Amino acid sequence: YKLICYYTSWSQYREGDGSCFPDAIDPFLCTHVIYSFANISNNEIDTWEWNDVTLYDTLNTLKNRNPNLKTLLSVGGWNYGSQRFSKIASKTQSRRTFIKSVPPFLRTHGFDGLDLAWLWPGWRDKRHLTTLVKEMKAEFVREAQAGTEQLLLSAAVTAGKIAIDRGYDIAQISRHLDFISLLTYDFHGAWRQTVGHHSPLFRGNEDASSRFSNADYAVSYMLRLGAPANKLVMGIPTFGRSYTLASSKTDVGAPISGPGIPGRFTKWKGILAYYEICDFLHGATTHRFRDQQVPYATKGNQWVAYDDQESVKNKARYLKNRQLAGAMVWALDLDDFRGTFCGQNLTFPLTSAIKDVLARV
């Protein structure tokens, strides 16, 4: 089984214990660790923060303790113009420059592959994403002739049906990608004016217009579209989404004034790290959607949709039952990486739980 874990650049700036460096990563935890994100500059892949060169170095040393560990660098990501990738990919002179520049960069800093996190192409962009993936793989193949182990190429593909249809030629790209991480955790957000869970695993017959907004449907859809199971990776979140409530209505369908207040460490409206959620649970009322199989907690006028060890294990069994390639975690730095907030004196509770299901019968 594969266990793809993202590590985020900006998590070094969080104060106190919230601060996370490659250092904190247990090298035998995941099979692949992906670093997010890289920039594109002068049509070439390039670093993002000032000190990336040093963190790349810290992260890649983990490989001294575990030689079977593969690491990848991710270009793109949400706080990066979708328009910017579209510009690079539609013009042939720009795309080849981007492509030619990647193997050198990855070899210098010691990465084993590239991850395309273009989020996300509109309908005019679909043929260009395909070309990007095809020509990039071809470059990775040509570069391997020099005697090095072939660079890996993966992509983070969104999970909403409409998003997939609009801009991904899933049957085409699967032939060339090594794995595809399915972002099965953005099924709800402040944008809806009601409370709801962002990563239900199953349909759950409470609402019947979004029969498409759960990991189960997304995985089936990707499979019907031609993505082989041994290349598909299910994304499991390690964060929670919060909402400020606009009444005392706390049940399914309750109304919303907007995102929840920020957490002490992550400082981001509508998001909480699992370690912040462990602190939040004290004096909160836990609840759990039985059909959808995921929990939510609420306290005061805050309402939080999140994942715990039971839900994450359940999702893990699901992927195994459908014989998928593995699980993908976003992100190691929102998990209880020190292991001192969530009770048990275990570190990376959520990720170790996922691994437990993947490592057994």
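Residue numbers here begin at 1 and follow the sequence given. For clarity, a rigid core is taken as the largest C-alpha set superposing within 1.5 Å between two forms.
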Figure out for me whether 75 to 83 or 180 to 188 is the more displaced stretch in 5 other deposited structures of this protein, taking RMS C-alpha distance from the shown form once the rigid core is superposed. 75 to 83
State which stretch is farther from the displayed form on average in 5 other deposited structures of this protein, 189 to 197 or 273 to 281, counting RMS CA distance after fitting on the rigid core. 189 to 197
Comparing 110 to 118 with 71 to 79, the one whose average Cα B-factor in the PDB entry is higher: 71 to 79
Between 30 to 38 and 306 to 314, point out the one with the higher average CA B-factor as the PDB entry records it. 306 to 314
In the PDB entry, which of 236, 273, 88, 227 has its C-alpha at the highest B-factor? 88
One of 160, 189, 167, 104 has the largest Cα B-factor in the entry, namely 189
Test of reading the entry: by CA B factor among the chain's modelled residues, which third contains residue 296? middle
In terms of the CA temperature factor given in the entry, to which third of its chain does residue 95 belong: lowest, middle or highest? highest
Test of reading the entry: by CA B factor among the chain's modelled residues, which third contains residue 3? lowest
Determine, from the deposited record, the chain-internal third of the Cα B-factor for residue 20: lowest, middle or highest. middle
By the record's CA B-factor, is residue 49 among the lowest, middle or highest third of residues in the chain? highest
